[PDB]
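Content type mmCIF, C-alpha atoms and all ligand atoms, from the file protein_30.cif:
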data_entry
#
loop_
_atom_site.label_atom_id
_atom_site.label_comp_id
_atom_site.auth_asym_id
_atom_site.auth_seq_id
_atom_site.Cartn_x
_atom_site.Cartn_y
_atom_site.Cartn_z
CA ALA A 11 43.17 147.56 75.06
CA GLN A 12 39.82 145.87 74.41
CA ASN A 13 37.50 145.18 77.39
CA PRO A 14 39.70 146.93 79.95
CA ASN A 15 37.14 146.51 82.78
CA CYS A 16 37.17 142.69 82.17
CA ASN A 17 33.43 142.36 81.71
CA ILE A 18 31.84 139.09 80.70
CA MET A 19 31.04 139.38 77.00
CA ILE A 20 28.14 137.67 75.22
CA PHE A 21 28.46 136.66 71.57
CA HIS A 22 25.85 135.87 68.92
CA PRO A 23 27.73 134.23 66.00
CA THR A 24 25.91 133.79 62.75
CA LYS A 25 25.68 130.33 61.20
CA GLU A 26 28.58 131.17 58.95
CA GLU A 27 30.69 132.36 61.87
CA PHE A 28 29.82 129.10 63.74
CA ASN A 29 31.73 126.97 61.24
CA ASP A 30 35.26 127.52 62.27
CA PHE A 31 35.62 127.07 66.04
CA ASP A 32 39.26 128.14 66.37
CA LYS A 33 38.69 131.27 64.29
CA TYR A 34 35.71 132.32 66.47
CA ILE A 35 37.69 131.87 69.72
CA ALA A 36 40.38 134.04 68.23
CA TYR A 37 37.76 136.61 67.24
CA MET A 38 36.31 136.72 70.74
CA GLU A 39 39.82 137.30 72.10
CA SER A 40 40.37 140.14 69.56
CA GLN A 41 37.41 141.82 71.24
CA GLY A 42 38.90 141.33 74.74
CA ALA A 43 36.61 138.49 75.89
CA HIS A 44 39.39 136.62 77.66
CA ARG A 45 40.05 139.46 79.99
CA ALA A 46 36.90 138.48 81.93
CA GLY A 47 37.94 134.82 82.28
CA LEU A 48 34.53 133.72 80.94
CA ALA A 49 32.36 134.40 77.87
CA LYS A 50 28.89 133.34 76.80
CA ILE A 51 28.18 132.16 73.24
CA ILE A 52 24.53 131.98 72.10
CA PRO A 53 24.40 129.63 69.04
CA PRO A 54 22.67 130.78 65.84
CA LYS A 55 19.01 129.99 65.72
CA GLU A 56 19.62 127.43 62.89
CA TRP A 57 21.80 125.26 65.14
CA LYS A 58 20.96 122.38 67.39
CA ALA A 59 23.08 119.97 69.48
CA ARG A 60 20.84 116.99 68.80
CA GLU A 61 17.20 116.37 67.84
CA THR A 62 15.71 115.64 71.26
CA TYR A 63 16.59 114.79 74.88
CA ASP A 64 13.71 112.29 75.20
CA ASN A 65 15.96 109.22 75.25
CA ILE A 66 18.65 109.99 77.91
CA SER A 67 17.12 108.36 80.97
CA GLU A 68 19.10 105.19 80.75
CA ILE A 69 22.54 106.85 80.96
CA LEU A 70 24.17 105.60 84.19
CA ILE A 71 25.67 107.83 86.85
CA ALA A 72 28.03 105.23 88.31
CA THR A 73 29.19 107.33 91.21
CA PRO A 74 26.84 110.13 92.20
CA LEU A 75 28.55 112.54 94.60
CA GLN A 76 26.81 114.02 97.72
CA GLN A 77 28.36 117.39 98.31
CA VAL A 78 28.69 117.90 102.06
CA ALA A 79 29.72 121.38 103.26
CA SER A 80 31.73 122.57 106.28
CA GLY A 81 32.31 126.15 107.37
CA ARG A 82 30.17 129.26 107.30
CA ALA A 83 27.61 130.28 104.70
CA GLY A 84 29.96 132.46 102.67
CA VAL A 85 33.23 130.58 103.28
CA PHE A 86 33.04 126.83 103.19
CA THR A 87 34.57 123.65 101.81
CA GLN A 88 32.73 120.67 100.37
CA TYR A 89 33.65 117.02 100.26
CA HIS A 90 32.26 114.48 97.99
CA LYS A 91 30.64 111.42 99.47
CA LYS A 92 30.19 108.61 96.98
CA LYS A 93 26.64 107.22 96.58
CA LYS A 94 25.23 104.15 94.90
CA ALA A 95 24.82 104.20 91.12
CA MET A 96 21.67 105.43 89.57
CA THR A 97 20.30 106.16 86.09
CA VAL A 98 19.68 109.68 84.76
CA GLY A 99 15.91 108.94 85.06
CA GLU A 100 16.35 107.97 88.69
CA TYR A 101 18.53 111.06 89.34
CA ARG A 102 16.00 113.38 87.70
CA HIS A 103 13.26 112.02 89.94
CA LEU A 104 15.49 112.55 92.94
CA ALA A 105 16.34 116.12 91.91
CA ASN A 106 12.55 116.86 91.61
CA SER A 107 11.71 115.36 95.03
CA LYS A 108 10.61 117.56 97.87
CA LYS A 109 13.98 117.06 99.66
CA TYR A 110 16.05 118.33 96.67
CA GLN A 111 13.87 120.47 94.40
CA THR A 112 14.44 124.14 93.73
CA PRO A 113 12.37 126.31 96.15
CA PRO A 114 9.91 128.83 95.03
CA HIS A 115 11.61 132.00 94.00
CA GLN A 116 11.01 135.33 92.21
CA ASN A 117 13.86 135.50 89.77
CA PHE A 118 17.53 134.43 89.43
CA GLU A 119 18.68 137.07 91.93
CA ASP A 120 16.29 135.79 94.62
CA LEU A 121 17.51 132.24 93.96
CA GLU A 122 21.13 133.36 94.20
CA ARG A 123 20.36 134.93 97.59
CA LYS A 124 18.76 131.71 98.77
CA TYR A 125 21.77 129.67 97.50
CA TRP A 126 24.29 131.68 99.49
CA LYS A 127 22.13 131.85 102.57
CA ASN A 128 21.25 128.18 102.70
CA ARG A 129 23.66 126.05 100.69
CA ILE A 130 25.69 124.79 103.63
CA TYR A 131 22.63 123.33 105.34
CA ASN A 132 21.96 120.86 102.58
CA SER A 133 23.92 118.14 100.78
CA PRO A 134 22.85 117.98 97.10
CA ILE A 135 23.87 115.06 94.88
CA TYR A 136 25.88 115.84 91.67
CA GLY A 137 26.37 113.44 88.72
CA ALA A 138 29.67 114.91 87.67
CA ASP A 139 32.49 113.97 85.50
CA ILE A 140 30.84 111.22 83.39
CA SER A 141 32.79 110.44 80.21
CA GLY A 142 30.52 110.76 77.21
CA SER A 143 28.67 113.14 74.83
CA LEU A 144 25.15 114.19 73.95
CA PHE A 145 26.03 115.87 70.69
CA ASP A 146 24.67 114.11 67.61
CA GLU A 147 27.45 112.84 65.41
CA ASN A 148 25.97 114.76 62.54
CA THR A 149 26.24 118.13 64.38
CA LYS A 150 29.22 119.64 62.64
CA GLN A 151 29.49 122.99 64.41
CA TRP A 152 30.64 123.35 68.02
CA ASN A 153 30.40 119.64 68.64
CA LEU A 154 32.40 119.23 71.88
CA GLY A 155 33.36 115.63 70.96
CA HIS A 156 34.90 116.75 67.62
CA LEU A 157 37.25 119.48 68.69
CA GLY A 158 40.98 119.59 67.83
CA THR A 159 42.81 117.82 70.64
CA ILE A 160 45.17 119.49 73.08
CA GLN A 161 47.83 116.94 72.19
CA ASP A 162 47.59 117.97 68.59
CA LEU A 163 47.76 121.65 69.54
CA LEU A 164 50.93 121.05 71.57
CA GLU A 165 52.37 119.17 68.65
CA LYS A 166 51.46 121.86 66.17
CA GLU A 167 52.94 124.64 68.36
CA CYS A 168 55.98 122.99 69.83
CA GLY A 169 56.74 120.04 67.47
CA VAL A 170 56.64 117.27 70.02
CA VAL A 171 54.26 114.38 69.64
CA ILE A 172 52.80 113.15 72.92
CA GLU A 173 50.52 110.41 74.23
CA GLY A 174 47.06 111.19 75.59
CA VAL A 175 43.51 111.78 74.66
CA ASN A 176 40.97 114.59 75.21
CA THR A 177 37.22 113.59 75.56
CA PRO A 178 34.13 115.34 76.91
CA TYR A 179 32.37 114.93 80.21
CA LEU A 180 28.70 115.07 81.20
CA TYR A 181 27.40 116.71 84.39
CA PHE A 182 23.94 116.04 85.75
CA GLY A 183 23.01 118.67 88.37
CA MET A 184 20.33 119.56 90.82
CA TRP A 185 19.50 122.54 92.98
CA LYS A 186 22.50 123.66 95.02
CA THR A 187 25.03 121.40 93.30
CA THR A 188 28.21 123.38 93.39
CA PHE A 189 31.45 123.79 91.51
CA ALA A 190 34.24 125.07 93.72
CA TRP A 191 36.70 127.86 92.85
CA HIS A 192 39.25 126.58 90.31
CA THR A 193 41.09 127.06 87.12
CA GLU A 194 41.35 124.22 84.61
CA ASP A 195 44.05 121.57 84.70
CA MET A 196 47.25 123.17 83.34
CA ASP A 197 45.26 126.46 83.12
CA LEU A 198 43.56 125.20 79.92
CA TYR A 199 40.45 126.66 78.38
CA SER A 200 37.14 124.96 78.99
CA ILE A 201 33.90 124.98 77.03
CA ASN A 202 30.60 124.03 78.61
CA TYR A 203 27.27 123.51 76.85
CA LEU A 204 24.10 123.42 78.91
CA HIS A 205 22.08 120.75 77.06
CA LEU A 206 18.88 120.86 79.05
CA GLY A 207 17.13 121.87 82.20
CA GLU A 208 17.58 124.59 84.72
CA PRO A 209 20.27 127.27 84.69
CA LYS A 210 23.82 127.38 85.99
CA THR A 211 25.16 130.54 87.69
CA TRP A 212 28.85 131.29 87.26
CA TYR A 213 31.28 133.53 89.11
CA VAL A 214 34.65 134.39 87.56
CA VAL A 215 37.86 136.31 88.40
CA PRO A 216 39.71 138.00 85.52
CA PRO A 217 42.97 136.11 84.74
CA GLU A 218 45.00 139.21 85.39
CA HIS A 219 43.67 139.19 88.97
CA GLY A 220 43.81 135.52 89.75
CA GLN A 221 46.57 135.87 92.33
CA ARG A 222 44.27 138.17 94.37
CA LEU A 223 41.84 135.37 94.68
CA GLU A 224 44.63 132.96 95.64
CA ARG A 225 45.84 135.28 98.39
CA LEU A 226 42.35 135.58 99.81
CA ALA A 227 41.90 131.84 99.67
CA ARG A 228 45.15 131.31 101.64
CA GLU A 229 43.80 133.70 104.29
CA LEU A 230 40.37 132.07 104.48
CA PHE A 231 41.55 128.48 104.38
CA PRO A 232 44.72 128.67 106.38
CA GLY A 233 45.12 124.92 107.22
CA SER A 234 44.55 123.96 103.60
CA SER A 235 47.09 126.51 102.44
CA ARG A 236 49.77 125.04 104.77
CA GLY A 237 48.97 121.62 103.39
CA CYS A 238 49.45 122.53 99.76
CA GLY A 239 50.87 125.47 97.82
CA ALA A 240 48.11 125.07 95.16
CA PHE A 241 45.18 123.83 97.20
CA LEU A 242 42.56 125.38 94.93
CA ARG A 243 43.54 122.52 92.59
CA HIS A 244 41.65 120.31 95.04
CA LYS A 245 38.41 121.90 93.90
CA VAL A 246 36.77 122.09 97.33
CA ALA A 247 36.71 125.76 98.42
CA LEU A 248 33.80 128.15 98.11
CA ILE A 249 33.80 131.91 98.73
CA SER A 250 30.61 133.95 98.22
CA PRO A 251 30.24 137.08 96.17
CA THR A 252 29.57 139.03 99.35
CA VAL A 253 32.89 137.90 100.83
CA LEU A 254 34.70 138.61 97.59
CA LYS A 255 33.27 142.18 97.52
CA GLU A 256 34.19 142.72 101.20
CA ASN A 257 37.75 141.79 100.32
CA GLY A 258 37.97 143.87 97.14
CA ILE A 259 38.43 140.88 94.81
CA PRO A 260 37.50 141.72 91.24
CA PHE A 261 34.90 139.33 89.82
CA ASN A 262 31.82 139.01 87.62
CA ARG A 263 28.77 136.82 87.52
CA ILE A 264 26.44 135.49 84.85
CA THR A 265 23.69 132.87 84.50
CA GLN A 266 23.87 130.29 81.69
CA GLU A 267 20.62 128.87 80.36
CA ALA A 268 19.89 125.76 78.39
CA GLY A 269 21.11 126.03 74.81
CA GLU A 270 24.05 128.31 75.65
CA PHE A 271 27.81 127.79 75.65
CA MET A 272 30.25 129.21 78.15
CA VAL A 273 33.99 129.38 77.55
CA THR A 274 36.47 129.76 80.35
CA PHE A 275 39.85 131.20 79.48
CA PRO A 276 43.32 130.24 80.74
CA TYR A 277 43.78 131.06 84.42
CA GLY A 278 40.18 132.34 84.76
CA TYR A 279 39.13 131.19 88.22
CA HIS A 280 35.46 130.19 88.29
CA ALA A 281 32.83 128.74 90.65
CA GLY A 282 29.08 128.36 90.58
CA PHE A 283 25.91 126.42 91.19
CA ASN A 284 23.00 124.76 89.45
CA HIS A 285 19.40 126.01 89.79
CA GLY A 286 17.70 122.67 89.47
CA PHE A 287 17.88 119.47 87.39
CA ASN A 288 20.14 120.00 84.39
CA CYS A 289 22.67 118.40 82.15
CA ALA A 290 25.86 120.03 80.88
CA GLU A 291 28.74 118.80 78.72
CA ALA A 292 32.24 120.22 78.98
CA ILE A 293 35.73 119.64 77.71
CA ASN A 294 39.14 121.30 77.93
CA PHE A 295 40.84 122.74 74.87
CA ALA A 296 43.91 124.74 73.95
CA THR A 297 44.93 127.45 71.50
CA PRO A 298 48.36 128.91 70.74
CA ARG A 299 47.82 131.55 73.38
CA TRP A 300 47.40 128.83 76.06
CA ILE A 301 50.99 127.56 75.78
CA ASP A 302 52.47 130.30 77.93
CA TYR A 303 49.83 129.72 80.58
CA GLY A 304 50.50 126.01 80.57
CA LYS A 305 54.17 126.60 81.18
CA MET A 306 53.41 128.74 84.24
CA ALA A 307 50.47 126.77 85.73
CA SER A 308 50.67 125.90 89.39
CA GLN A 309 50.54 122.46 90.41
CA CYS A 310 49.33 120.41 93.43
CA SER A 311 51.99 117.87 94.38
CA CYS A 312 50.54 117.04 97.94
CA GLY A 313 48.73 114.20 96.43
CA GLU A 314 45.20 115.41 96.81
CA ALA A 315 44.39 116.74 93.29
CA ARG A 316 44.96 113.45 91.37
CA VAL A 317 44.26 114.05 87.64
CA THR A 318 43.91 112.43 84.23
CA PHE A 319 46.43 110.40 82.35
CA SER A 320 46.89 113.12 79.72
CA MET A 321 48.20 115.75 82.17
CA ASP A 322 51.42 113.79 82.53
CA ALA A 323 52.73 114.78 79.16
CA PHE A 324 51.72 118.41 79.58
CA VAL A 325 53.78 118.65 82.79
CA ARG A 326 56.63 116.64 81.34
CA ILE A 327 57.03 118.81 78.24
CA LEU A 328 55.98 122.24 79.50
CA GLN A 329 57.24 122.03 83.09
CA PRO A 330 60.22 119.63 83.15
CA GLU A 331 61.68 121.08 86.39
CA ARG A 332 58.39 120.38 88.22
CA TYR A 333 57.83 116.99 86.65
CA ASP A 334 59.53 114.67 89.17
CA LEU A 335 57.84 116.30 92.20
CA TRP A 336 54.42 116.47 90.54
CA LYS A 337 54.61 112.81 89.50
CA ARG A 338 55.51 111.78 93.12
CA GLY A 339 52.16 113.47 93.96
CA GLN A 340 50.45 111.28 91.36
CA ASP A 341 52.10 108.09 92.86
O1 LIG A 401 29.52 122.61 85.32
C1 LIG A 401 30.28 122.36 86.30
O2 LIG A 401 29.96 121.70 87.37
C2 LIG A 401 31.72 122.76 86.31
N1 LIG A 401 32.19 123.17 84.96
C3 LIG A 401 33.33 123.78 84.76
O3 LIG A 401 34.12 124.09 85.73
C4 LIG A 401 33.74 124.09 83.38
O4 LIG A 401 33.01 123.85 82.41
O5 LIG A 401 34.92 124.53 83.31
MG MG A 402 19.27 106.59 77.76
NI NI A 403 35.99 124.55 85.13
ZN ZN A 404 47.47 119.63 96.93
#
So, in terms of structure tokens, how does the structure I just supplied come out?
Amino acid sequence: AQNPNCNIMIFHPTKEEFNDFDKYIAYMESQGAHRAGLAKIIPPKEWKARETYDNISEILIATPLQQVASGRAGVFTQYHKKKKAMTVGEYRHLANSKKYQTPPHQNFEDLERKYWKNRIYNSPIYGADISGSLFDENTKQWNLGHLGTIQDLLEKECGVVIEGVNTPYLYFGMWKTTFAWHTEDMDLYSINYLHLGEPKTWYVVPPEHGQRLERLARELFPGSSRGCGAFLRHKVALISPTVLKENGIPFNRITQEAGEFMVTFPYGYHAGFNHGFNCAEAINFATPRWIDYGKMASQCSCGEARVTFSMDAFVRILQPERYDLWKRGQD
């Protein structure tokens, strides 16, 4: 069995190996990368996403989100308070202000310590989930707006043509902006490219151990767990590495830097934080191996998780017994 300890693997594809996206995902899986739940892909030195980032300041962040925490430093929830629209240039200036800027630090490990000590005492503002792309249309390799769609994959594997579309999303971050513990919708893959700026630290639980994280979460968030049998779909709960280690939960960590891709694998729980002003692009995708995870994915039906238009068909075709209840949650 490849990668039996479920370590995060780092790949360095050549320019020739960077041509065929599906083939390279399959290769990484042949080497056991999925067992970790997360992999890093460093593009060949010949590649670039676009020519420059000098002209992005006028992108609008229509609904910046202030991430307000409740709880204790290692075990907390966050809610998202909507703020007035601002441009990427305005948001960058805000991120660099004395109130929001990254503190002085020695190295990534010192910053990670400071994050977990201090996160709850601040409310950073995240420009998340903005439909759009920063890849140049002429970038032919690993262009996250030109991937095979999940609807086409389902049709290729299962024969059923379905409605829906699959487009990327931009994330503008600042120090302490946080992504809560989650798997993807329908336990899909994700791919995330860090276009510019400061790093992003990731934590991940191997897919084979995901239910251990879920059981801990039910213990640590007992009201939320009574409210919903899949409350991590709400994407609000944070648990620190220290708390995970105290509770014996298997996990790994890695820091992504600008110019690097990360891939999350089906049912790989992940969480993390941004080091300072940055911009990432991410999208969900599927492979043949995903189908069985899609069929078994948990679902929130309490009403809180509220998701895209395109998830309807995935539930309807892969999970027909759950469909009616899930859709009640959506309406
Ligand atoms: O970058 C973020 O805030 C969150 N990203 C992801 O969860 C991802 O790419 O799957
Ligand atoms: Mg612009
Ligand atoms: Ni994710
Ligand atoms: Zn729910």
At a cut-off of 12 Å, using only C-alpha atoms, what residues contact region 330-335 of chain A? Leave out same-chain residues fewer than 2 positions from it and give the result as a short mmCIF file (atom, residue, chain, number, x, y, z; two decimals) with C-alpha atoms, in the coordinates of the input.
data_model
loop_
_atom_site.label_atom_id
_atom_site.label_comp_id
_atom_site.auth_asym_id
_atom_site.auth_seq_id
_atom_site.Cartn_x
_atom_site.Cartn_y
_atom_site.Cartn_z
CA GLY A 304 50.50 126.01 80.57
CA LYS A 305 54.17 126.60 81.18
CA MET A 306 53.41 128.74 84.24
CA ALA A 307 50.47 126.77 85.73
CA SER A 308 50.67 125.90 89.39
CA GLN A 309 50.54 122.46 90.41
CA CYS A 310 49.33 120.41 93.43
CA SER A 311 51.99 117.87 94.38
CA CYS A 312 50.54 117.04 97.94
CA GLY A 313 48.73 114.20 96.43
CA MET A 321 48.20 115.75 82.17
CA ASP A 322 51.42 113.79 82.53
CA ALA A 323 52.73 114.78 79.16
CA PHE A 324 51.72 118.41 79.58
CA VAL A 325 53.78 118.65 82.79
CA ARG A 326 56.63 116.64 81.34
CA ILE A 327 57.03 118.81 78.24
CA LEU A 328 55.98 122.24 79.50
CA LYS A 337 54.61 112.81 89.50
CA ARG A 338 55.51 111.78 93.12
CA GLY A 339 52.16 113.47 93.96
CA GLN A 340 50.45 111.28 91.36
CA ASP A 341 52.10 108.09 92.86
#
Nearest residue to residue 234 (chain A) from the set A:220, A:106, A:314, A:28 (distances using only C-alpha atoms): A:314
Residues around (19.8, 108.5, 88.5), cut-off 9 Å, counting only C-alpha atoms - what are they as a list in words? residues 67, 68, 69, 70, 71, 72, 74, 95, 96, 97, 98, 99, 100, 101, 102, 103, 104 and 137 of chain A
Go ahead and dump the residues you just picked, C-alpha atoms, as a CSV table (one decimal), in the frame of the given file.
chain,number,residue,atom,x,y,z
A,67,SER,CA,17.1,108.4,81.0
A,68,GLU,CA,19.1,105.2,80.8
A,69,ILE,CA,22.5,106.8,81.0
A,70,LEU,CA,24.2,105.6,84.2
A,71,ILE,CA,25.7,107.8,86.8
A,72,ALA,CA,28.0,105.2,88.3
A,74,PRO,CA,26.8,110.1,92.2
A,95,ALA,CA,24.8,104.2,91.1
A,96,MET,CA,21.7,105.4,89.6
A,97,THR,CA,20.3,106.2,86.1
A,98,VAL,CA,19.7,109.7,84.8
A,99,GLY,CA,15.9,108.9,85.1
A,100,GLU,CA,16.4,108.0,88.7
A,101,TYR,CA,18.5,111.1,89.3
A,102,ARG,CA,16.0,113.4,87.7
A,103,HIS,CA,13.3,112.0,89.9
A,104,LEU,CA,15.5,112.6,92.9
A,137,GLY,CA,26.4,113.4,88.7
So which one's closest to residue 33 (chain A), A:197, A:320, A:138, A:297? Using all atoms listed in the file, please.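 Under the stated criterion, the closest residue is A:297.
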From the set A:224, A:218, A:139, A:267, which residue has the shortest atom-to-atom contact distance to ligand LIG 401 (chain A), counting all atoms listed in the file? A:139
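The closest residue to residue 295 (chain A), picked from A:215, A:206, A:227, A:163 and counting all atoms listed in the file, is A:163.
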Within 6 Å of ligand LIG 401 (chain A), which residues show up when you count only C-alpha atoms and all ligand atoms? List them as a list in words, please.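 So, counting only C-alpha atoms and all ligand atoms, the residues near ligand LIG 401 (chain A) are residues 189, 200, 201, 202 and 292 of chain A.
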Considering all atoms listed in the file, give me a table of residues in chain A that are at most 7 Å from ligand NI 403 (chain A), with the closest atom pair and distance in Å for each, as a tab-separated table.
residue	atom	partner	partner_atom	distance
A:192	CA	A:NI403	NI	6.4
A:193	CA	A:NI403	NI	6.0
A:194	CA	A:NI403	NI	5.4
A:200	CA	A:NI403	NI	6.3
A:280	CA	A:NI403	NI	6.5
Name all residues at most 12 Å from residue 186 (chain A) (count all atoms listed in the file; drop same-chain ones fewer than 6 positions away) and give them as a PyMOL selection string. chain A and resi 76-79+88+105+109-113+121-136+208-211+282-288
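In this model, the gap between CA of residue 153 (chain A) and CA of residue 270 (chain A) comes to 12.8 Å.
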Mind listing whatever residues come within 8 Å of the point (42.0, 145.2, 76.1)? Use only C-alpha atoms, file coordinates, and give them as a PyMOL selection string. chain A and resi 11-14+41-42+45
Keeping C-alpha atoms for every residue in the selection just given, could you write it to a file as a JSON list (two decimals), keeping the file's coordinate frame?
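What follows is the written file selection20.json:
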[["chain", "number", "residue", "atom", "x", "y", "z"],
["A", 11, "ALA", "CA", 43.17, 147.56, 75.06],
["A", 12, "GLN", "CA", 39.82, 145.87, 74.41],
["A", 13, "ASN", "CA", 37.50, 145.18, 77.39],
["A", 14, "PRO", "CA", 39.70, 146.93, 79.95],
["A", 41, "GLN", "CA", 37.41, 141.82, 71.24],
["A", 42, "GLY", "CA", 38.90, 141.33, 74.74],
["A", 45, "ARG", "CA", 40.05, 139.46, 79.99]]
As a check of understanding: the span from CA of residue 40 (chain A) to CA of residue 198 (chain A) is 18.5 Å
Given the choices A:93, A:244, A:55, A:228, which gets closest to ligand ZN 404 (chain A) if the distance is worked out from only C-alpha atoms and all ligand atoms? A:244
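Of note, CA of residue 268 (chain A) and CA of residue 116 (chain A) are spaced 19.0 Å apart.
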Which residue of A:120, A:164, A:62, A:279 approaches ligand MG 402 (chain A) most closely, using all atoms listed in the file: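 Looking only at the distances to ligand MG 402 (chain A), the closest residue turns out to be A:62.
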Excluding residue 61 (chain A) and its own-chain neighbours fewer than 6 positions away, which residues fall within 10 Å of it when counting only C-alpha atoms? Please give them as a PyMOL selection string. chain A and resi 145-146+149
